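S.K.: this one's a deposited entry, sequence included:
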Amino acid sequence: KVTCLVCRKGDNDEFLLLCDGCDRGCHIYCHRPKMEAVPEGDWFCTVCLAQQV
Ligand SMILES: [Zn+2]
Ligand SMILES: [Zn+2]
């Protein structure tokens, strides 16, 4: 039950980032600014970035 915040589909899961703060995701091809690959190390969605201080 993992979907992309931008386009609201959950296909091409090999291109699908997973937030390490929660259970949301993003296709790398939907992300702006540009993202050429899935990174090693942690990625945080914009909802989790709002919780930062
Ligand atoms: Zn997408
Ligand atoms: Zn998150």
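M.R.: Perfect, thanks for sending it. Residues are numbered from 1 along each chain as shown. Ligands and ions are numbered 1, 2, ... in the order given.

S.K.: what parts of the chain come near ligand 2?
M.R.: 19, 21-22, 24, 45, 47-48 (C-beta under 5 Å from the ion). C-betas here are computed from N, CA, C, even on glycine.

S.K.: which one of these is nearest ligand 1?
M.R.: residue 24 (11.6 Å; C-beta to the ion).

S.K.: burial check on that closest one, number of neighbours?
M.R.: Using other C-beta atoms under 10 Å, residue 24 has 17 other residues around it.

S.K.: on that earlier part again, tell me which of the residues of the chain next to ligand 2 fall in helices.
M.R.: 47-48 (DSSP state H).

S.K.: and the residues of the chain next to ligand 2, which are buried?
M.R.: 19, 24, 45 (16 or more other C-beta atoms under 10 Å).

S.K.: check contacts around the spatially most central residue of the chain.
M.R.: The residue lying closest to the centre of the chain (C-alpha atoms, centre = their mean) is residue 26, at 3.0 Å. By C-beta atoms under 8 Å, 6 or more residues apart in numbering, the residues touching residue 26 are 4-6, 16-17, 45.

S.K.: distance of the closest residue to residue 30 other than its chain neighbours from ligand 2?
M.R.: By the measure of C-beta to C-beta, 6 or more residues apart in numbering, the closest residue to residue 30 outside its immediate chain neighbours is residue 6, 3.9 Å from it. With distances taken as C-beta to the ion, to the nearest Å, residue 6 is found 14 Å from ligand 2.

S.K.: take the buried ones among the residues of the chain next to ligand 2 and write them to CSV, including distance to residue 30.
M.R.: Converted to CSV, those look like this (distance: C-beta to C-beta, whole Å):
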residue, distance to residue 30
19, 14
24, 12
45, 12
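
S.K.: still on that earlier bit, and the residue nearest to the centre of the chain, which of the three is it?
M.R.: Per DSSP: H, G, I helix; E, B strand; the rest coil, the secondary structure class of residue 26 is strand.
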